[PDB]
C-alpha cells in the first residue's frame, strides 16, 4: 500500500527496527508520524533510507551523510 511501518522497512533493508529508528532520529529524516507515534515511511522515504544504507556501506559515517 501507500506506506510501510518500521518493521516492514527494517526487514526489507535487512537491518533492525532499532537501526531504522536511530537513522531517522539522528539524520533528522522526514517521515510521517502515526497517531500513536509509529513511523510511517512511504515508497519515496524508503528510497532515502536505501541511500543511507548504501552510503554507510562505503565507510561514510552517519553524521557525514548527504541527502
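Numbering follows the first chain given and starts at 1.
K.L.:
Using only C-alpha atoms and the B-factors in the entry, which stretch averages higher, 13-21 or 50-58?
P.N.:
According to the entry, 50-58 carries the higher average C-alpha B-factor.
K.L.:
Within this chain's modelled residues, let me know which third the CA B factor of residue 6 belongs to: lowest, middle or highest.
P.N.:
It belongs to the lowest third of the chain when residues are ordered by C-alpha B-factor.
K.L.:
Taking the entry's C-alpha B-factors for this chain, is residue 34 in the lowest, middle or highest third?
P.N.:
Middle third, going by the recorded CA B-factors of the chain.
K.L.:
Lowest, middle or highest third of the chain for the C-alpha temperature factor of residue 42?
P.N.:
Residue 42: CA B-factor falls in the highest third of its chain.
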